[PDB]
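Reading through the C-alpha cells given below for one structure.
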Amino acid sequence: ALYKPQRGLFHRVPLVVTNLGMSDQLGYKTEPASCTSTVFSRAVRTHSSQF
Amino acid sequence: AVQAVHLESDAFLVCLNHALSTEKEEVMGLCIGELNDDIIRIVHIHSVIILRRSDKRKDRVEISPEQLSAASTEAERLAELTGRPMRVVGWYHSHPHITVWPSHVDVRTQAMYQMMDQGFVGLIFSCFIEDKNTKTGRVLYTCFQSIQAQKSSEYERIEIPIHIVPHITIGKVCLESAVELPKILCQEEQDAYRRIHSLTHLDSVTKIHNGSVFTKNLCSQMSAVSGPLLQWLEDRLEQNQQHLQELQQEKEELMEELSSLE
Amino acid sequence: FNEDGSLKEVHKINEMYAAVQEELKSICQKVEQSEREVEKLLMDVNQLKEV
Ligand SMILES: [Zn+2]
C-alpha cells in the first residue's frame, strides 16, 4: 500500500501496475468488405503500390 | 401557432442515411425550409445541413450559436441561389437502440430553441432497434415542439403532424449535403489527431502507435462509408441511365401517337 | 518517421482519402446532371400525357 500525509495523519493512496493487458485490444478485421464499385476498386488499386 | 410540417423525401434520405451512419452514438443536423399558409400554418422543409457533434455523450445534444450562424449563412446562400425564401426552420437527431420519443432533455432543448423563435420544430429518428424474438427490424421518426405544462411548472412535449412529400428526383443541394458525411468524418479524425500532435512533449513510439490507429480508423471509414456511398451512386447512375432510356422511348411513342393527328 | 515530425502513413492515407473524395465529388456532379436530365424528360412526358 501507498501512504501520503494530508492532515498530519497519513492516508492510503491507490496503486496500479502497468501491464500489456491495458487496452491492447487486438482487432484484425476478417470477412472481405467487398464492393461492386469500379471507381473504389480502381482508386484502391492505383494507390495500393504506394505502401 | 404552427399546425403541420411537410418534409421533402429529398432531405428525408439525407437524414435517414446520417442516422444509419452509426449506432454507437447520437448524431444531429439542421433543417432548412419555409413558412406556408392555408385555410393552418405549415413548415415546408426542402433541405438539411449535416453537423458534427462536439459534446457527444448520451442524450446531451445541443447546437452552438456558431452552427446557427453557419445555418443562417447556408439559408441566405440557398435563398439567393434558388430564389426561394429559405430560413433555418428545424433540427433533427438520432436515437439508436433508444425509444423514438423525446427525453426531458430533448424537450428542454426544444424549448431553449423556441425561445429563439416559436416557429422552430424538432425531429427524431429511432435507428437500429433489435428484437431477436420477432427477428424484425424497425426504424421510426417523429416531429415535436414544447409547451408550458398544465400548471406553472416547466416545459412538456407536444406532437406535430409530419408528412413526407414525394420529390421524384434528388436535388443538387441534397447530393452536395450527403457527400459531406465522409468529409466531416475525415475532418473529425484529423482534428482529434491534431489535438494529439499538439502535445509536443510526447514519445515517438506513442506517435507510431497513434499513426497506426489513425490509419486503421480511416481504413474503417472508407470500408464502411465512402465505399458503399460511391457504390450506391454508381448503381443510381445505372438506374438513371435505364430510366432515361425508357422515358425517351415513351416520349418518342407519345410524340408519334399525337403528332400525326394534325 | 520523415523530417520535422509528421508520419509517412499519415500523409499517404490522407492523400488516398483525398483521391477517393475527388472521385466521389466527380461522380456526385455527373449523377446530379443525370437527375436534372431525368427531371426535364419527366416534365415533358407528363405535360404530353395531360394534353
Ligand atoms: Zn434526443
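These residue numbers are counts, starting from 1, taken along the chain as shown.
The deposited model was determined using X-ray crystallography, 3.8 Å.
Heads up, the Cβ atoms here are built off N, Cα and C, so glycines get one too.
Database features, via Swiss-Prot:
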BINDING   B:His93, B:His95, B:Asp106  Zn(2+) binding site
MOD_RES   B:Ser204  phosphoserine
MOTIF     B:93-106  motif 'JAMM motif'
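Applying an 8 A CB threshold to same-chain residues 6+ apart, the list for B:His95 (Zn(2+) binding site) reads B:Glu26, B:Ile124, B:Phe125, B:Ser126, B:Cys127. Using a 10 Å Cβ-Cβ cutoff, B:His93 (Zn(2+) binding site) registers 23 neighbours. By the rule that a residue counts when its Cβ sits under 6 Å from some atom of ligand 1, the recorded positions B:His93, B:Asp106, B:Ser204 yield B:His93, B:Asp106. The secondary structure of B:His93 (Zn(2+) binding site), as reduced to three states from DSSP, is extended strand. Across the fold, the C-alpha of B:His93 (Zn(2+) binding site) and the C-alpha of the residue listed as 'phosphoserine' stand 40 Å from each other. Taking the mean position of the Cβ atoms of B:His93, B:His95, B:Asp106 as the Zn(2+) site, the remaining same-chain residues with a Cβ inside 8 Å of that point are B:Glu26, B:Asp59, B:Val61, B:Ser94, B:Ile98, B:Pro102, B:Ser103, B:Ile124.
The recorded positions considered are B:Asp106, B:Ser204; of these, B:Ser204 has the fewest other C-beta atoms within 10 angstroms of its C-beta.
Those binding-site residues from the list B:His93, B:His95, B:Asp106 that have a Cβ under 8 Å from chain C Cβ atoms: none. DSSP gives B:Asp106 (Zn(2+) binding site) a helix state.
Each residue contributes its Cα atom, and for the residue listed as 'phosphoserine' and B:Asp106 (Zn(2+) binding site) those atoms are 44 Å apart. In the three-state DSSP reading, the residue listed as 'phosphoserine' counts as helix.
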